[PDB]
Amino acid sequence: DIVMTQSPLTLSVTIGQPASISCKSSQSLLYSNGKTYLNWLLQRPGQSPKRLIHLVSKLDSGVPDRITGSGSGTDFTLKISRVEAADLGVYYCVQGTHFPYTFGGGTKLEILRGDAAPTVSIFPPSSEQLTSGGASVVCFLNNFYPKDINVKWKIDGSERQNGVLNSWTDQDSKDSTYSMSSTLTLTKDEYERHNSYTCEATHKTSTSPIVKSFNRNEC
Amino acid sequence: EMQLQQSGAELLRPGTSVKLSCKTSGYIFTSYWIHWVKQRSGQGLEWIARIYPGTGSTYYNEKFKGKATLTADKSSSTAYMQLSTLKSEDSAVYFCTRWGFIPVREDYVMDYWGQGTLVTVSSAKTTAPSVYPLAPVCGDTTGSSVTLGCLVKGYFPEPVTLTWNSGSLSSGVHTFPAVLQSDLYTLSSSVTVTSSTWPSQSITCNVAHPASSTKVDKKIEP
Ligand SMILES: O=C(O)CNC(=O)CCCP(=O)(O)OCc1ccc([N+](=O)[O-])cc1
Ligand SMILES: [Zn+2]
Ligand SMILES: [Zn+2]
Ligand SMILES: [Zn+2]
Ligand SMILES: [Zn+2]
Ligand SMILES: [Zn+2]
Ligand SMILES: [Zn+2]
Ligand SMILES: [Zn+2]
């Protein structure tokens, strides 16, 4: 089967700048009728894929002409002349010249924006949960940029690595930021044996770790 | 308005089979090829097969012969894809699409896609979630704006539906992708409002887990 190689894997571009994605094939995509069946698709976050280009350079209806396609043989390029927020998503090249049809691995386009420091919120276990014998401490690190962040949990000054569950959202199409959730789950008994619970983050926007904590006690 | 509606998420036991449906409308069903595409773990697409409903003619990617069987009910404008003897690699999202390539014209008409059908191959048991309200103590963000949360934990399988104030409150909402651990998923959502809204006016977390027919609303009380 034809192997389709796309590069780069991810590109970060500021709104207003140009972008270009490459797609290489293991066989020429020139069909015996002289047509080259190479398509480009865009899959926006949480949406089905959509064809942008067909026959190497022909734009599908309703597709902005900021998008351009070119190439031949085994080398193809998709270029966006001026990036806009709506261009966020994963781009794929797919060939139809050789059966079976094969796709490239995709290129994630991410919007490069000004660095943003996380807004951190920490939440102790709910009464409801403690009643069941469990206790989760939740920490939200909302709207930061770049995506690269490291969070550690500390209980009474020592790092706790076991029982942590992290989740990140994709880049927000409203402000181009990221958000992440970190949950530390313990037994009700151990939860009630400690005092301070700290959610600590390491991010580009600060020379020292970003901190949020609470001391559980009574009254 | 051309539309393709696919069936809901499926939890299938290993070794069994499923029949996925793709209901279309807005165009002449028998005159266009319908293709099925598979997507695993995010970016990673594969072409499965195509059927021309008018004649019932089909073409399969070798890899899927014996795995997928495509049919189409002209009387209802519905295409179907049966997946047989499911195993690990079959867990994925499947899309149907009126791709739009017209062989005779050697050109294309617009592609319309279904929303996708998630198939989970597992023998793990269906479990209802526990919804926990997250009121701030330190997650207050001082005055100005306060952020609340909702923790949905210990459920199986995906998906779960979470809205705030029945969908009324959609801005400043962050719902995180569920994470699987020990055969159960955990999901959380945060909502940021002004100090003026909460606690003055109520904020409620709405959660639904179709697989276990669970529907619960948790009011974030201070
Ligand atoms: O079938 C062959 O062997 C010969 N080739 C052809 O007839 C041309 C097919 C062109 P095209 O429809 O662009 O095929 C590629 C192709 C088809 C469907 C698809 N999809 O995502 O649904 C993705 C890619
Ligand atoms: Zn060939
Ligand atoms: Zn050939
Ligand atoms: Zn200690
Ligand atoms: Zn101690
Ligand atoms: Zn301690
Ligand atoms: Zn021509
Ligand atoms: Zn065309």
# chains A, B, ... in the order shown; residues from 1 in each chain; ligands from 1
>>> interface_residues(of="chain B", to="chain A", cutoff="6 Å", atoms="only C-alpha atoms", output="count of residues only")
6
>>> residues_near_ligand(ligand="ligand 1", cutoff="8 Å", atoms="only C-alpha atoms and all ligand atoms", output="mmCIF file with N, CA and C atoms, in the first residue's frame")
data_model
loop_
_atom_site.group_PDB
_atom_site.id
_atom_site.type_symbol
_atom_site.label_atom_id
_atom_site.label_comp_id
_atom_site.auth_asym_id
_atom_site.auth_seq_id
_atom_site.Cartn_x
_atom_site.Cartn_y
_atom_site.Cartn_z
ATOM 1 N N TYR A 31 -2.196 9.010 -11.868
ATOM 2 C CA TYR A 31 -3.044 7.911 -12.281
ATOM 3 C C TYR A 31 -2.849 7.704 -13.785
ATOM 4 N N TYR A 37 -4.918 12.076 -8.021
ATOM 5 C CA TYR A 37 -5.920 12.051 -6.956
ATOM 6 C C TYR A 37 -5.346 12.222 -5.550
ATOM 7 N N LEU A 38 -5.030 13.460 -5.190
ATOM 8 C CA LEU A 38 -4.493 13.770 -3.868
ATOM 9 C C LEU A 38 -5.437 14.799 -3.256
ATOM 10 N N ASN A 39 -5.978 14.450 -2.092
ATOM 11 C CA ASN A 39 -6.910 15.298 -1.353
ATOM 12 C C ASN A 39 -6.326 15.765 -0.010
ATOM 13 N N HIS A 54 -9.099 18.890 -3.642
ATOM 14 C CA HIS A 54 -9.113 17.655 -4.419
ATOM 15 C C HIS A 54 -8.305 17.918 -5.684
ATOM 16 N N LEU A 55 -7.830 16.845 -6.303
ATOM 17 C CA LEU A 55 -7.038 16.916 -7.521
ATOM 18 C C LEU A 55 -5.858 17.865 -7.361
ATOM 19 N N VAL A 94 -4.688 12.623 1.678
ATOM 20 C CA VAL A 94 -5.174 11.275 1.411
ATOM 21 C C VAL A 94 -5.129 11.051 -0.098
ATOM 22 N N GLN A 95 -4.550 9.920 -0.502
ATOM 23 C CA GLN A 95 -4.433 9.567 -1.913
ATOM 24 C C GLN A 95 -5.485 8.581 -2.369
ATOM 25 N N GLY A 96 -5.962 8.787 -3.593
ATOM 26 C CA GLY A 96 -6.958 7.900 -4.175
ATOM 27 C C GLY A 96 -6.512 7.274 -5.492
ATOM 28 N N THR A 97 -5.239 7.461 -5.850
ATOM 29 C CA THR A 97 -4.682 6.933 -7.107
ATOM 30 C C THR A 97 -4.440 5.426 -7.070
ATOM 31 N N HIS A 98 -4.016 4.954 -5.912
ATOM 32 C CA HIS A 98 -3.710 3.561 -5.723
ATOM 33 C C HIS A 98 -4.635 2.961 -4.689
ATOM 34 N N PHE A 99 -5.160 1.781 -4.992
ATOM 35 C CA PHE A 99 -6.064 1.090 -4.093
ATOM 36 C C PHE A 99 -5.235 0.166 -3.205
ATOM 37 N N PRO A 100 -5.527 0.118 -1.889
ATOM 38 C CA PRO A 100 -6.568 0.857 -1.170
ATOM 39 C C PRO A 100 -6.124 2.297 -0.868
ATOM 40 N N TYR A 101 -7.096 3.191 -0.693
ATOM 41 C CA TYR A 101 -6.813 4.597 -0.405
ATOM 42 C C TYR A 101 -6.141 4.693 0.953
ATOM 43 N N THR A 102 -5.118 5.539 1.053
ATOM 44 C CA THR A 102 -4.363 5.696 2.283
ATOM 45 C C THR A 102 -4.200 7.168 2.664
ATOM 46 N N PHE A 103 -4.177 7.415 3.965
ATOM 47 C CA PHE A 103 -4.062 8.735 4.564
ATOM 48 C C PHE A 103 -2.674 8.964 5.152
ATOM 49 N N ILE B 34 -21.256 5.764 -0.844
ATOM 50 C CA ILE B 34 -21.141 6.024 0.578
ATOM 51 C C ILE B 34 -19.885 5.257 0.991
ATOM 52 N N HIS B 35 -18.981 5.945 1.677
ATOM 53 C CA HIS B 35 -17.725 5.351 2.119
ATOM 54 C C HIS B 35 -17.719 5.278 3.647
ATOM 55 N N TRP B 36 -16.945 4.353 4.198
ATOM 56 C CA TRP B 36 -16.823 4.216 5.643
ATOM 57 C C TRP B 36 -15.344 4.370 5.933
ATOM 58 N N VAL B 37 -15.038 5.167 6.957
ATOM 59 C CA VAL B 37 -13.669 5.470 7.380
ATOM 60 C C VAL B 37 -13.529 5.179 8.873
ATOM 61 N N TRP B 47 -9.276 3.948 5.407
ATOM 62 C CA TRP B 47 -10.423 3.808 4.516
ATOM 63 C C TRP B 47 -10.850 2.329 4.575
ATOM 64 N N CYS B 96 -19.285 7.568 8.312
ATOM 65 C CA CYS B 96 -19.799 7.256 6.991
ATOM 66 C C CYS B 96 -19.749 8.630 6.308
ATOM 67 N N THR B 97 -19.606 8.642 4.993
ATOM 68 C CA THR B 97 -19.548 9.894 4.265
ATOM 69 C C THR B 97 -20.029 9.782 2.826
ATOM 70 N N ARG B 98 -20.822 10.755 2.380
ATOM 71 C CA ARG B 98 -21.209 10.780 0.979
ATOM 72 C C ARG B 98 -20.025 11.581 0.443
ATOM 73 N N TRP B 99 -18.928 10.883 0.169
ATOM 74 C CA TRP B 99 -17.662 11.470 -0.246
ATOM 75 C C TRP B 99 -17.706 12.480 -1.385
ATOM 76 N N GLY B 100 -18.554 12.225 -2.378
ATOM 77 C CA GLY B 100 -18.704 13.164 -3.469
ATOM 78 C C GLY B 100 -17.931 12.965 -4.749
ATOM 79 N N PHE B 101 -17.029 11.992 -4.834
ATOM 80 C CA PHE B 101 -16.327 11.799 -6.089
ATOM 81 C C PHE B 101 -17.312 11.180 -7.078
ATOM 82 N N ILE B 102 -17.415 11.771 -8.269
ATOM 83 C CA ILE B 102 -18.309 11.269 -9.310
ATOM 84 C C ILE B 102 -17.382 10.694 -10.354
ATOM 85 N N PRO B 103 -17.244 9.364 -10.386
ATOM 86 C CA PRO B 103 -16.363 8.707 -11.354
ATOM 87 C C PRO B 103 -16.540 9.155 -12.820
ATOM 88 N N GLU B 106 -15.207 12.557 -13.226
ATOM 89 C CA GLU B 106 -13.809 12.687 -12.791
ATOM 90 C C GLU B 106 -13.631 13.971 -11.976
#
>>> atom_distance(atom1="atom CA of residue B:186", atom2="atom CA of residue B:155")
7.0 Å
>>> residues_near_ligand(ligand="ligand 6", cutoff="7 Å", atoms="only C-alpha atoms and all ligand atoms", output="PyMOL selection string")
chain A and resi 155-156+193-195
>>> write_last_selection(atoms="C-alpha atoms", output="PDB file, in the first residue's frame")
ATOM      1  CA  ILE A 155       0.808  16.623  51.023  1.00  0.00           C
ATOM      2  CA  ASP A 156       2.390  18.018  54.168  1.00  0.00           C
ATOM      3  CA  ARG A 193      -4.629  12.125  58.555  1.00  0.00           C
ATOM      4  CA  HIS A 194      -2.916  15.018  56.734  1.00  0.00           C
ATOM      5  CA  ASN A 195      -3.082  18.812  56.952  1.00  0.00           C
TER       6      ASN A 195
END
>>> select_by_dssp(residues="stretch 8-210 of chain A", states="helix (DSSP H, G or I)", output="PDB file with C-alpha atoms, in the first residue's frame")
ATOM      1  CA  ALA A  85      -8.380  31.087  14.339  1.00  0.00           C
ATOM      2  CA  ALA A  86     -10.778  28.757  12.462  1.00  0.00           C
ATOM      3  CA  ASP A  87      -7.810  26.950  10.858  1.00  0.00           C
ATOM      4  CA  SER A 127     -19.177  15.717  51.919  1.00  0.00           C
ATOM      5  CA  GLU A 128     -20.987  13.380  49.577  1.00  0.00           C
ATOM      6  CA  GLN A 129     -17.704  11.743  48.580  1.00  0.00           C
ATOM      7  CA  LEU A 130     -16.265  11.457  52.087  1.00  0.00           C
ATOM      8  CA  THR A 131     -19.473   9.649  53.062  1.00  0.00           C
ATOM      9  CA  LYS A 188     -11.195   9.107  53.476  1.00  0.00           C
ATOM     10  CA  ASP A 189      -9.012   7.842  56.315  1.00  0.00           C
ATOM     11  CA  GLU A 190      -5.690   8.952  54.870  1.00  0.00           C
ATOM     12  CA  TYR A 191      -7.205  12.240  53.765  1.00  0.00           C
TER      13      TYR A 191
END
>>> atom_distance(atom1="atom CA of residue B:194", atom2="atom CA of residue A:211")
22.3 Å
>>> residues_around(residues="stretch 121-130 of chain B", least_positions_apart="6", cutoff="6 Å", atoms="only C-alpha atoms", output="list in words")
residues 11, 12, 13, 14, 91, 152, 153, 154, 155, 156 and 212 of chain B
>>> atom_distance(atom1="atom CA of residue B:133", atom2="atom CA of residue B:211")
22.1 Å
>>> select_by_dssp(residues="stretch 28-215 of chain A", states="strand (DSSP E or B)", output="PyMOL selection string")
chain A and resi 30+36+38-43+49-54+58-59+67-72+75-80+89-95+102-103+107-111+116+119-123+134-145+149-155+158-160+164-168+178-187+196-203+210-215
>>> closest_residue(among="A:66, A:147, A:113, A:44", to="residue A:13", atoms="only C-alpha atoms")
A:113
>>> closest_atom_pairs(of="chain B", to="ligand 8", cutoff="8 Å", atoms="only C-alpha atoms and all ligand atoms", output="JSON lines")
{"residue": "B:107", "atom": "CA", "partner": "ligand 8", "partner_atom_place_in_ligand_line": "1 (Zn)", "distance": 4.9}
{"residue": "B:108", "atom": "CA", "partner": "ligand 8", "partner_atom_place_in_ligand_line": "1 (Zn)", "distance": 5.1}
{"residue": "B:109", "atom": "CA", "partner": "ligand 8", "partner_atom_place_in_ligand_line": "1 (Zn)", "distance": 7.3}
>>> closest_residue(among="A:23, A:64, A:33, A:18", to="ligand 3", atoms="only C-alpha atoms and all ligand atoms")
A:33
>>> residues_around(residues="residue B:169", least_positions_apart="6", cutoff="12 Å", atoms="only C-alpha atoms", output="list in words")
residues 162, 163, 190, 191, 192, 193, 197, 202, 203, 204, 205 and 206 of chain B
>>> decode(residues="stretch 67-118 of chain A", atoms="C-alpha atoms", output="PDB file, in the first residue's frame")
ATOM      1  CA  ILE A  67      -5.827  27.759   1.293  1.00  0.00           C
ATOM      2  CA  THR A  68      -3.749  26.622  -1.670  1.00  0.00           C
ATOM      3  CA  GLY A  69      -2.534  23.226  -2.824  1.00  0.00           C
ATOM      4  CA  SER A  70       0.293  22.205  -5.113  1.00  0.00           C
ATOM      5  CA  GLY A  71       2.748  19.464  -6.026  1.00  0.00           C
ATOM      6  CA  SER A  72       2.969  16.417  -8.270  1.00  0.00           C
ATOM      7  CA  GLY A  73       4.474  12.962  -8.397  1.00  0.00           C
ATOM      8  CA  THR A  74       5.295  12.141  -4.791  1.00  0.00           C
ATOM      9  CA  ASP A  75       5.546  15.624  -3.298  1.00  0.00           C
ATOM     10  CA  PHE A  76       2.633  17.799  -2.290  1.00  0.00           C
ATOM     11  CA  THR A  77       2.138  20.909  -0.186  1.00  0.00           C
ATOM     12  CA  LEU A  78      -0.839  22.610   1.399  1.00  0.00           C
ATOM     13  CA  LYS A  79      -0.272  26.297   2.096  1.00  0.00           C
ATOM     14  CA  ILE A  80      -2.398  28.702   4.143  1.00  0.00           C
ATOM     15  CA  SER A  81      -1.514  32.265   3.090  1.00  0.00           C
ATOM     16  CA  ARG A  82      -2.851  33.955   6.216  1.00  0.00           C
ATOM     17  CA  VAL A  83      -3.770  31.853   9.269  1.00  0.00           C
ATOM     18  CA  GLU A  84      -7.024  32.572  11.084  1.00  0.00           C
ATOM     19  CA  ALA A  85      -8.380  31.087  14.339  1.00  0.00           C
ATOM     20  CA  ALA A  86     -10.778  28.757  12.462  1.00  0.00           C
ATOM     21  CA  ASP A  87      -7.810  26.950  10.858  1.00  0.00           C
ATOM     22  CA  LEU A  88      -7.044  25.135  14.118  1.00  0.00           C
ATOM     23  CA  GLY A  89      -7.272  21.352  13.732  1.00  0.00           C
ATOM     24  CA  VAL A  90      -5.505  18.400  12.150  1.00  0.00           C
ATOM     25  CA  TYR A  91      -4.754  18.358   8.402  1.00  0.00           C
ATOM     26  CA  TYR A  92      -4.454  15.113   6.445  1.00  0.00           C
ATOM     27  CA  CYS A  93      -3.471  14.333   2.887  1.00  0.00           C
ATOM     28  CA  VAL A  94      -5.174  11.275   1.411  1.00  0.00           C
ATOM     29  CA  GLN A  95      -4.433   9.567  -1.913  1.00  0.00           C
ATOM     30  CA  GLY A  96      -6.958   7.900  -4.175  1.00  0.00           C
ATOM     31  CA  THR A  97      -4.682   6.933  -7.107  1.00  0.00           C
ATOM     32  CA  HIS A  98      -3.710   3.561  -5.723  1.00  0.00           C
ATOM     33  CA  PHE A  99      -6.064   1.090  -4.093  1.00  0.00           C
ATOM     34  CA  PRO A 100      -6.568   0.857  -1.170  1.00  0.00           C
ATOM     35  CA  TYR A 101      -6.813   4.597  -0.405  1.00  0.00           C
ATOM     36  CA  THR A 102      -4.363   5.696   2.283  1.00  0.00           C
ATOM     37  CA  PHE A 103      -4.062   8.735   4.564  1.00  0.00           C
ATOM     38  CA  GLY A 104      -1.072  10.603   5.954  1.00  0.00           C
ATOM     39  CA  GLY A 105      -0.592  10.734   9.742  1.00  0.00           C
ATOM     40  CA  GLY A 106      -1.867  14.265  10.109  1.00  0.00           C
ATOM     41  CA  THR A 107      -0.351  17.618  11.045  1.00  0.00           C
ATOM     42  CA  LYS A 108      -1.748  19.487  13.992  1.00  0.00           C
ATOM     43  CA  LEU A 109      -1.901  23.236  13.447  1.00  0.00           C
ATOM     44  CA  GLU A 110      -1.877  25.183  16.704  1.00  0.00           C
ATOM     45  CA  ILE A 111      -2.294  28.932  17.061  1.00  0.00           C
ATOM     46  CA  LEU A 112       0.746  30.621  18.585  1.00  0.00           C
ATOM     47  CA  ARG A 113      -0.378  33.332  21.036  1.00  0.00           C
ATOM     48  CA  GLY A 114       1.022  35.429  23.871  1.00  0.00           C
ATOM     49  CA  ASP A 115       2.036  33.424  26.941  1.00  0.00           C
ATOM     50  CA  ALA A 116      -0.721  33.184  29.531  1.00  0.00           C
ATOM     51  CA  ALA A 117      -0.293  32.259  33.187  1.00  0.00           C
ATOM     52  CA  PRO A 118      -2.659  29.595  34.573  1.00  0.00           C
TER      53      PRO A 118
END
